[PDB]
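K.L.:
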Amino acid sequence: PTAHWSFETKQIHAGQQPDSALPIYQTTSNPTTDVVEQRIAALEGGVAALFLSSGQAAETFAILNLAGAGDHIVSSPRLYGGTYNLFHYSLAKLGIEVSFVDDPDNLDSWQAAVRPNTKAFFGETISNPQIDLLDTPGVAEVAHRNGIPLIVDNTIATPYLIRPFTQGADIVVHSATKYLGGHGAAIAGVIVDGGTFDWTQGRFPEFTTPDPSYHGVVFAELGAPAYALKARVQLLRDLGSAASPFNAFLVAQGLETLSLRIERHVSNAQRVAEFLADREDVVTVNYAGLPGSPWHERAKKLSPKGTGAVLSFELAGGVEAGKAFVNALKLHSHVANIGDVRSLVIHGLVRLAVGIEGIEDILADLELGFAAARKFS
Amino acid sequence: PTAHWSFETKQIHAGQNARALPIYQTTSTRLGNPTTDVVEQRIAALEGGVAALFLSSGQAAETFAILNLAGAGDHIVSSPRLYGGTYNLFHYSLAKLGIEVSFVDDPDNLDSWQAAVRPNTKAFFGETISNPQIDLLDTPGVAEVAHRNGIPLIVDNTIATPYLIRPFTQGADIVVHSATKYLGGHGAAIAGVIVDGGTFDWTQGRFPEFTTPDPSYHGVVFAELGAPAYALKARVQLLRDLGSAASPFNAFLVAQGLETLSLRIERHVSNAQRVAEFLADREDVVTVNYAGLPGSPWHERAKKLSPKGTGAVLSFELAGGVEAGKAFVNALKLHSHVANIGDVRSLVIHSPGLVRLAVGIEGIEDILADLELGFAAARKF
Amino acid sequence: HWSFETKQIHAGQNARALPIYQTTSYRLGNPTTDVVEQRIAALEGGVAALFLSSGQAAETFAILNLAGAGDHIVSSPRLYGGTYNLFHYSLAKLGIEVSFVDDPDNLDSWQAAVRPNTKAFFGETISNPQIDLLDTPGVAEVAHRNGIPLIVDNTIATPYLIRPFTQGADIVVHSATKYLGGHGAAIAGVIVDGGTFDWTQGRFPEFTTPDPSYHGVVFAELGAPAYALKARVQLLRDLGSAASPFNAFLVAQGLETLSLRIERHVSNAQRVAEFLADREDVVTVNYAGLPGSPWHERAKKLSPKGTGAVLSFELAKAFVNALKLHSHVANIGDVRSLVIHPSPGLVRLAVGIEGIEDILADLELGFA
Amino acid sequence: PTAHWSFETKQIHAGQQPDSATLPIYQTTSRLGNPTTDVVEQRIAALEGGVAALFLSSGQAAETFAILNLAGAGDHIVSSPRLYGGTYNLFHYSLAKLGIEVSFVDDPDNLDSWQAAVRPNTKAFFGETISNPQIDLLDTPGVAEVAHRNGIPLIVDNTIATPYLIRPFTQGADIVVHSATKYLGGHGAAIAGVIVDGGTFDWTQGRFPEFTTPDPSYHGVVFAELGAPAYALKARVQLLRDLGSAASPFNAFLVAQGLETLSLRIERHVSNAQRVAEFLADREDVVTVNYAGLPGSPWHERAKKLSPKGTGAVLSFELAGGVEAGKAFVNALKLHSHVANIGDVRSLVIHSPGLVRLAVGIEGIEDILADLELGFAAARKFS
């Protein structure tokens, strides 16, 4: 019907009421949330999505939907600190062991980490501060040949740059707090089900055994959105990481301009990267969009429109130069979250999430940081 | 400082040129929020606790209350008189996480609680008033068994509210509410809250997570933080990792409900009492469950633990089983079939002739007139 | 059929909370705001209501729906300061002359102020800081025998205490900012049409002439809610004092406990009034609920359940500075008690729903 | 300090707390102002380069307050006849009842007509920078020059252009009005109006005694003595105080959020609208297209001078088959909304004989064009 719509059309209209041509159902007796779920699914080309209280809860649910006590996960070591803390501390206490591969670019390393109780592979499509790209097709190929699904976090790339289901991923997670909502005004997470994975190959008896908690349903018999439905009826029901309808409303409102924002974030980031790479007082820049990045060729293949809005770089003067540089910035925020419209310092490496301000104001602000770092030759 | 205020004053001012609460609708600590902080402090003040943690839902509050103490290989002892959502959490989702929840046969038998104690038991759990039984938990008695084994007692105080029972004064260590219900009061904001009594010694030996430097959080030893150790641990570990965060807008809405809590519970309770009496006096009603009725086995317990009343939920049995009850609920014109317990709106839900009501704050005579419609309809069966 | 209590939750409404139609799509009605209007109309017993950006806009619309340049209004001098400013300054600029009777208790003064171009009488059912009660039946019969409608502001009394349509008023105005919303969280006004006035008697050709701005409609031929409908399709359309659906939602939330809050505000205020009257260091107390008030007997007739929650008293700057619980900034009609020291020893209170003993404790700190 | 910032920086940062580096909703009635609303006022004023702004309940209220701040009973306004129907209704019906006479010039491009309508009681000139359905541009410098030589201020409504395309204070306007409901908020989610004071007009020349006489309603203040923002301050302390057209803080929050992407949205609205215009102009079954961005428009040269980045997102056109063709065309559209407001991100039909009026959204251009083809297939039965 509307599958052929462009991205731009979808970010406004996908999931809308069939007679629209968005009321906040702030009730505990959800239609507001369902629209935002349908819209995000449509942007990723997934079959269904589940909107939740935060990105942390989305990562939690993505894992817990498959794994419990005595189960195992294989993860890239290149992780957001909040995901690492979840995997390494709180999940370990629930009897889920998360192993990290030595080098996520080494496909043999993923294979070697596979164990009989492994329930998923996990990685981030673009990680920070490295600004690598995951080899989603190659990692997915290893997972699938073992009967294991691949979960990826696509927060930094967004669906505008990468639709990982087209690359082999089975489950996509976003911190909607960040780019999807875009305005720093609503904490939210979302899990998107690709509907690409066969749940009946052996490792997932919870998908093939009648669930006495829910009318004896066998989730795999629900077809493509099995995983998403199971997460809603078991995890959301029991663990209760529900999204406020008001937050759903706000994220839907931010989604209406997603492509426009990402286009500007990305062109600003590319320019900041290039600016930095050309300076004598910068030792190195990490940004896949630069010709010299080790992941630039991969970016041309997997993410041709750009490599997100986050970058990092090292100053010649080391740790003290880095501190002096960041503490001198006036326009860059020190309190904003990645994925806001605002430029910010992410809390000798300096880490920036580049905003949609005027590029000349952004570069003038960075010159303040360079002036401050100058005392630390 | 202001611990001496009345409940009425606290519900408006506790935690606070007094005025309405602004909404910090912002994701820029990310582990606190000025709007939510105030609601936490207020709910803590109303229960007489030392700290509280406000969350996405009541379900998440139950979840966090258990997970803050128990992980894979651990054990919990619960009353079998449980809200369906808590039952499912305990029996399905926690089991998956390696946590065994054992239910006592009869929660009024204190020896049964003792007998269920195991070396890996990490808490006792019960609801101060359960539904549809409308019993009261023997909070003092159950607490005493828990404490003599070095175990804390967690209670859900949702139906009673802090206006009727402050369980910390009866031996509970941790209190959970679905703030979705009575606390917010208007059916407008899904939310949960955990309140820490600060009355339990975490160093007796079952809780090495409280006595061991935490590598995730600067080597802090939670027990050394004193009275609010449990609340702080839950925030810095569980909310941090698991992310059952509340929207600041939902906290604002709950605050707005809190401002009238005691007024609303007073009328919910006076109405519910009258509905119960009304029902107990009818010949086409087989039995009524409600602790405020003299005939209830928990009536005397209510006089000691909850003298102002026994909440606003009740149930009762009709002569004709399922079929009389189906047409009873189908005839009501004022009672909602979709509103949540703890809304201002009366609601109805269908022993096979068992009808369950959460009595609202509508005019009593309108409520009773509406029920007569139900009786008439059921009398075709 | 339904009691006030059931109406404040269900009037206008598988009952559940009101959704928020936060949207500018199609435009001069909104489903969230519609419910709050019907609800408030049900509580006052009117035929229709119109919910607006503020009480000031409600006063403004209530006059401008009837009067334009070259017209006249007769008003009580016992007015809220914002209404006085509107009447005396802004409306004068628009060529509307507002005249104030010397004594609003003097029914013959009302009669004497009538002019050929007079388009309404106005008064407040309970005024502040005097805490009189308007003689609504008596002012209304003076108005009506001259072919003129009575507009009253019922903000302080609320519909829980007085339903002025029962006493001869034709239009009622509230600052829903105050007691209706109840929580200091939503600026709003409302006009309620009693549907009790014949608009065709001669002073109102705007009601008996086809409106070329609106399909030649003759507003009087719409029957009972002619006034409310006219205000919506002309004034709201053109002047644009619209309420946010979010503010309507917040006021609906407050309405759900209105009777409960007013009951408590009024027993607290009644007790605070009585407290204050018993004290040798207090010269006088204004509160119609006190047996000594000149308006006490009128209160028994027109407001038997009590006389609002606002009061004032004269002392023999220090008193307020000592208060720790009373807010200096909360608006009248918030849950929070409010104090003001503007007689040169006059103190003004809006008594909240805090515990009465804490309120009186806080006042005792005042007396020091 | 932050004047040199680009438009893009300002739409995010102008008016922010000075320590925001190291937007709460003050939904409190504790009272002619609010920090949430003040941020949105300062940000809009910065985008226009004005000295102050006043944010209000709706665009209708902003038009109302912009006139009533200057005119009461027995006063006069000169207006362009090219007006939004909501403004015309206000001017012609409600303000007329308040004793305010609004005259319309026959042709707003004839500067001598503006002069000829000036009366001793004239308090303002009014026009829209781009009107709809004509999609002309007001001759803001020439109209301003006439106003000013008579000691009269020029009020313009800059809603359709937005501050991204035109800053009318740079072209002689003194007061700017927006329906913030539309493009400023951008998401069809908050009704609002705003009045922006240019700080560019001398109020002491003779026609404005309300600005040079002590006001007993407000401490004997002489508004002109407050300097540049006299007009905005007077509107706040008199009209907002008395007439009460206040904005909900929640609405201000929502508009502030939409402002964060203003330039980006307007860029895409405008390049979409230019493509739709060219597409229509090239069709045999379209008789004419009104859009200033087209070379054929009588206002295209004026656009090149006054609005070089483009001419808004609204257009109109006439179909060959007249009125039935136009109705068939609009009724067949599936993606265009029939209920959204101008200035939403959504494409919509806005409600000569066969005239179709569109506000072009930021959807994918190919999808917008395919939807219009539904309309052309429907119109085919009316040649």
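Line order of the protein sequences matches chains D, S, V and E. Just so you know, the first sequence maps onto residues 12 to 32, 38 to 45, 72 to 389, 411 to 440 in UniProt numbering. Just so you know, the second sequence maps onto residues 12 to 27, 34 to 45, 68 to 389, 409 to 439 in UniProt numbering. Just so you know, the third sequence maps onto residues 15 to 27, 34 to 46, 69 to 358, 365 to 390, 409 to 434 in UniProt numbering. Just so you know, the fourth sequence maps onto residues 12 to 33, 38 to 45, 69 to 389, 409 to 440 in UniProt numbering. Backbone N, C-alpha and C fix where the C-beta goes; we use that ideal spot for every residue, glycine too.
(1) Can you tell me which residues form a DSSP beta bridge with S354(D)?
(2) Using the beta-carbon of each residue, which ones in chain S are nearer than 7 angstroms to residue 36(E)?
(3) Identify the contact partners of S45(D) in chain V, using a Cβ-Cβ distance below 7 angstroms as the criterion.
(4) Could you pull the start and end residues of the beta strand (DSSP E) that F142(D) belongs to?
(5) Could you give the first and the last residue of the continuous beta strand (DSSP E) run that contains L386(S)?
(6) Counting contacts by CB-CB distance shorter than 8 angstroms, is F367(V) in contact with chain E?
(7) In angstroms, rounded to a whole number, what distance separates the CA positions of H338(S) and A290(V)?
(8) Using a beta-carbon distance below 8 angstroms, is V377(D) in contact with chain S?
(9) So, helix, strand or coil for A284(D), using DSSP?
(10) So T200(D) is in the alpha helix (DSSP H); what residue range does that whole segment cover?
(11) With contact counted as at least three CB pairs below 8 angstroms, one residue from each stretch, are the segment 140–152 of chain S and the segment 198–215 of chain S in contact?
(12) Against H225(S), what residues of chain V qualify as contacts under a CB-to-CB distance less than 8 angstroms, listed in chain order?
(13) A25(D): which of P287(D), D76(D), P267(D) and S118(D) sits nearest, CA to CA?
(14) Considering only the beta carbon of each residue, do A230(V) and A211(V) sit closer than 8 angstroms?
(15) Measure from the alpha carbon of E263(D) to the alpha carbon of each residue in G334(D), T250(D) and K438(D), then state which is nearest.
(16) At what residues does the alpha helix (DSSP H) containing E248(S) begin and finish?
(17) Smallest Cα separation from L302(S): which of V383(S), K343(S) and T208(S)?
(18) For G224(V) and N196(V), what's the separation of their Cα atoms in angstroms?
(19) Report the option in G296(V), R187(V), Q243(V) and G237(V) whose CA atom is closest to the CA atom of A266(V).
(20) Looking at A99(E): is its Cβ nearer than 8 angstroms to the Cβ of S283(V)?
(21) Going along chain A, which residues have a C-beta under 7 angstroms from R384(D)?
(22) Can you tell me the Cβ-Cβ gap for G226(D) and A416(D), rounded? I've got them flagged as a contact below 8 angstroms.
(23) Could you pull the DSSP bridge partners for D253(D) from this structure?
(24) Our contact map puts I233(D) next to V259(D) with C-beta atoms below 8 angstroms; I'd like the distance itself, whole angstroms only.
(25) Are the Cβ atoms of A104(S) and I193(S) separated by less than 8 angstroms?
(26) Taking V308(E) as the reference, give the member of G418(E), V78(E), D145(E) and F129(E) with the closest Cα.
(27) Looking at the C-beta of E430(S), does it have a partner C-beta in chain V at a distance below 8 angstroms?
(28) Let me see if you follow: with CB-CB separation under 8 angstroms, is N289(D) close to chain S or not?
(29) Which residues does DSSP list as the beta-bridge partners of residue 392(E)?
(30) How about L277(V): is its Cβ closer than 7 angstroms to a heavy atom in the ligand SAM?
(31) When the distance is taken between beta carbons, is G411(E) closer than 8 angstroms to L357(E)?
(32) Along the segment 141–172 of chain S, what residues have a CB closer than 8 angstroms to any CB found in chain D?
(33) Counting pairs of Cβ atoms below 8 angstroms between the segment 157–174 of chain S and the segment 77–85 of chain S, do you hit three or more?
(34) Return the chain-ordered list of same chain residues with a C-beta closer than 6 angstroms to the C-beta of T74(D), the five sequence neighbours on each side being excluded.
(35) Relative to the C-alpha of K135(S), which candidate in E362(D), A370(D), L277(D) and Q27(D) has its C-alpha closest?
(36) Taking only three categories from DSSP, how would you classify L431(D)?
P.N.:
For this structure:
(1) In the DSSP output, where bridge partners are listed per residue, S354(D) has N328(D) and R414(D).
(2) Between 33 and 38 in chain E the model has nothing, and residue 36(E) is one of the residues in that span.
(3) Going along chain V in sequence order, the residues near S45(D) (Cβ under 7 angstroms) are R36.
(4) Counted as a single uninterrupted DSSP element, the beta strand (DSSP E) harbouring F142(D) occupies residues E139 to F142.
(5) Segment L386 to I388, the beta strand (DSSP E) holding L386(S).
(6) No - not a single Cβ of chain E is within 8 angstroms of the one on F367(V).
(7) The straight-line gap from Cα to Cα measures roughly 43 angstroms.
(8) At least one CB atom of chain S sits nearer than 8 angstroms to the CB of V377(D).
(9) Shown here, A284(D) sits in a strand according to DSSP, grouped into three states.
(10) Residues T200 to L203.
(11) Too few Cβ pairs lie closer than 8 angstroms, so no.
(12) Residues of chain V passing the Cβ test: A37, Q295 and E298.
(13) Of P287(D), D76(D), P267(D) and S118(D), the residue nearest in Cα terms is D76(D).
(14) In this structure, the beta-carbon distance from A230(V) to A211(V) does not fall below 8 angstroms.
(15) It is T250(D) whose Cα lies nearest to the Cα of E263(D).
(16) Run containing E248(S): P247 to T250, per the alpha helix (DSSP H) assignment.
(17) Restricting attention to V383(S), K343(S) and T208(S), the CA atom closest to the CA of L302(S) is found in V383(S).
(18) In this structure, the CA atom of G224(V) is about 15 angstroms from the CA atom of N196(V).
(19) Comparing Cα-Cα distances from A266(V) to each of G296(V), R187(V), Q243(V) and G237(V), the minimum goes to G237(V).
(20) In this structure, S283(V) lies closer than 8 angstroms to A99(E) by Cβ.
(21) Of the protein chains in the structure, D, S, V and E, none is chain A.
(22) Between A416(D) and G226(D) the Cβ distance is about 11 angstroms, and since that is not below 8 angstroms, they are no contact.
(23) Beta-bridge pairing links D253(D) to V259(D).
(24) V259(D) and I233(D) do not touch by the CB rule: their CB atoms are close to 19 angstroms apart, not below 8 angstroms.
(25) Yes, they are a contact pair.
(26) Out of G418(E), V78(E), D145(E) and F129(E), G418(E) has the C-alpha closest to the C-alpha of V308(E).
(27) No, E430(S) lies away from the interface with chain V (no Cβ there is under 8 angstroms from its Cβ).
(28) So yes, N289(D) belongs to the interface.
(29) As shown, the structure holds no coordinates for residue 392(E); chain E passes over it, running from 389 to 409.
(30) You won't find the ligand SAM in this model; it holds no ligand whatsoever.
(31) Yes, the pair counts as a contact, with Cβ atoms nearer than the cut-off.
(32) Answer in chain order: no residues at all.
(33) Segments in contact, no.
(34) So the qualifying residues of the chain are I40, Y41, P287, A290 and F291.
(35) Out of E362(D), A370(D), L277(D) and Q27(D), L277(D) has the C-alpha closest to the C-alpha of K135(S).
(36) Annotated three-state conformation of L431(D) is helix, per DSSP.
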